[PDB]
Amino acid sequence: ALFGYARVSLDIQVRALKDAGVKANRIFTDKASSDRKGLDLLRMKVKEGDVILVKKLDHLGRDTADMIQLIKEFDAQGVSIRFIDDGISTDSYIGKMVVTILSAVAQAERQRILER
């Protein structure tokens, strides 16, 4: 089954997931600052063969460590994640490597700006 995840501007993500063909009862959301309600519900409901659509790489984990763990868990469950805006999926080991690289790069930029 096809799922969607969105996190905070949420309507920009939610409408985008719906227009990607995710049904409403399969869209889970978190208002980030229990920042994990929706994601925990998604982690529970997902099963082997399922697909999760995420608008952006940044909307998954709250940092690179968190995102790498989530990808590990979903992959272990036999669930692939596709990032709509980034145009990449976790559906191959090269794919996962690139996603991890991009998260790491995006994390570094946040930290540079935070020090600045």
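In case it trips you up, residue 1 is the first one in the sequence shown, and so on.
Count the deposited residues lacking coordinates between residue 8 and residue 9 and you get 4 to 9 of them. Per the record, residue 33 and residue 34 are separated by a gap of 1 to 3 residues from the deposited sequence that were not modelled. Residue 103: CA B factor lies in the middle third for its chain, per the PDB record.
Sort the modelled residues of the chain by CA B factor and residue 82 lands in the lowest third. Ranked by C-alpha B-factor against the other modelled residues of its chain, residue 58 falls in the highest third. Residue 52 sits in the lowest third of its chain by CA B factor, as recorded in the PDB entry. Residue 71 sits in the middle third of its chain by CA B factor, as recorded in the PDB entry.
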